[PDB]
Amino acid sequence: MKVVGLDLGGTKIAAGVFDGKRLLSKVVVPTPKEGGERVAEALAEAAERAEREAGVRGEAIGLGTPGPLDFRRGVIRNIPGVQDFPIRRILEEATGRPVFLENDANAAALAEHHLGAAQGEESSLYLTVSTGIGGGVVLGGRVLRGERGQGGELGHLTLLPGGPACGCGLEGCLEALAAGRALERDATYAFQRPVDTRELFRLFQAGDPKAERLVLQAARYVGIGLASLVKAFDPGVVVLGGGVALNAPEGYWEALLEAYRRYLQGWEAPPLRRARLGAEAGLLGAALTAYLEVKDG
């Protein structure tokens, strides 16, 4: 069986026909900053091109979205006036296929589970540390979406009550402590000049004591948050991706692993694995979402 995956990012759209194991085509175009109708047009035409290049029509479309979904309306809750856009209904009109929405982090989690670092497991938990912190939970490989589409909001577990303000409206969230933007927040504040993650990591590798303190602290919060999530979910394996975590200095991964292990004393520790699928994970998980929906429907 064949489907089409779409990954709607903030900068680019990716599309590809997927046969259950592999992408038979891959199309990347920029994401329209011109509004909803044009976003939808570019999605439909990326799908069409992907199908043309694979020489194969998809029987369904999986759409990965860089926002939280309303699966009932079929709407997305840096892309102009996508908000409240009836993206599912529109794409289903244009395309004549069912459209299955998924959150981008849940999609990447689904991809690693079936095709990446957790292949072989029945359940897995995925965290991505990038600009923000997101993740997903796969339980017998389907995404846990929640009653309201808020399931798997792993960057917003509270790790430090009385901690730094979070974008979500709370404080001391994992994202507020350890995301790329939190790292830049704290670096810029502590060094009293704009410091981006690149500069922070440069400083870290040169042995700057302030940079070390800050980076290691963030690494340990991730390890703590993952160990804590093990008590909730007890996943076969834990997968960590996202460019901020994967490209971090080696001291980072060491500290994170160390904290995870310390916060599993007295417990059975799942293996913690690096994400394998890189930038294609969202596209693969969007396609898998459609694929598995068809398969189980």
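Quick note: we count residues from 1 along the sequence shown, nothing fancier.
Missing coordinates between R77 and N78 amount to 1 to 3 residues of the deposited sequence.
If you average the C-alpha B-factors over 46-54 and over 62-70, the higher value belongs to 62-70.
Looking at 92-100 and 176-184 together, the entry lists the larger mean B-factor for 92-100, computed on C-alpha atoms. Residue-level inspection of the entry shows that, of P271, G266, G242, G36, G36 has the top Cα B-factor. Among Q217, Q205, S123, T131, the highest C-alpha B-factor recorded in the PDB entry belongs to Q205.
Compared with the other modelled residues of the chain, the Cα B-factor recorded for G16 ranks in the middle third. Looking at the C-alpha B-factors along this chain, the one for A279 belongs to the highest third. Among the modelled residues of its chain, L200 has a C-alpha B-factor that falls in the middle third, as given in the PDB entry. Among the modelled residues of its chain, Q150 has a C-alpha B-factor that falls in the middle third according to the deposited record. In this PDB entry, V137 carries a Cα temperature factor that places it within the lowest third of its chain's modelled residues.
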